[PDB]
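Student: quick one, fold the following:
(one chain, ligands or ions: 2)
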Amino acid sequence: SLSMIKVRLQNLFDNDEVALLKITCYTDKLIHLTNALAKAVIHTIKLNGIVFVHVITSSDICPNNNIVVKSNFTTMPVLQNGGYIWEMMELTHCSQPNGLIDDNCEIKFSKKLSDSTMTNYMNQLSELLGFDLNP
Ligand SMILES: [Cl-]
Ligand SMILES: [Cl-]
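Tutor: Residues are numbered from 1 along each chain as shown. Ligands and ions are numbered 1, 2, ... in the order given. Below is the structure:
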């Protein structure tokens, strides 16, 4: 009853920096996870061993954080402490969802903010980076 997804990512401020996000969830929740990620901005925070992955989605259903059974975040190179925003380059559904995964990050789902200050921030950032964060 478990499914596994891996998402390949590249840093919008430095395309040489890449990351892999692996998530396991119950198969009946998989559709909510993929729909959420399809309409999502990916923002991460790192302070030493503590890593937070923010999935900020414009999907109709923003899933509950409890749909994640395990999550792993690995980067190349190893990143300095700080905050990051990522482009999703690839999404893969994996055979053998029960395989080993080192649980080393916390996933936080939230809804995109309709507030005009945040909208203006996301639109100007989109123009700076040449990538539409608010399509
Ligand atoms: Cl949707
Ligand atoms: Cl602003």
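
Student: could you see whether ligand 2 lies near the longest helix along the chain?
Tutor: Using DSSP state H to define each element, the chain has its longest helix at helix 116-129. Yes: residues of helix 116-129 contacting ligand 2 under C-beta under 5 Å from the ion: 120-121. Placement of C-beta: from N, CA and C, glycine included.

Student: which residues does that helix contact?
Tutor: In this structure, residues lying in contact with helix 116-129 by C-beta atoms under 8 Å, 6 or more residues apart in numbering are 12-13, 41, 85, 113, 132-134.

Student: at 10 Å what do you get?
Tutor: 12-13, 41, 56, 85, 87, 112-113, 115, 131-135 (C-beta atoms under 10 Å, 6 or more residues apart in numbering).

Student: tell me, what residue is most central in this protein?
Tutor: Centroid-nearest residue in the chain: residue 42, 4.1 Å away (criterion: C-alpha atoms, centre = their mean).

Student: now do the contacts for the closest residue to that residue other than its chain neighbours.
Tutor: Leaving aside its sequence neighbours, residue 42 sits nearest to residue 86 (C-beta to C-beta, 6 or more residues apart in numbering; 4.2 Å). Residue 86 makes contact with 7-13, 17-19, 21, 40-44, 53, 75, according to C-beta under 10 Å, 6+ apart.

Student: run me through the strand neighbours of the helix or strand containing residue 86, direction for each.
Tutor: Using DSSP states H and E, residue 86 falls within strand 82-94. Strand 82-94 pairs in its sheet with strand 2-11 (antiparallel), strand 40-47 (antiparallel), by DSSP bridges.
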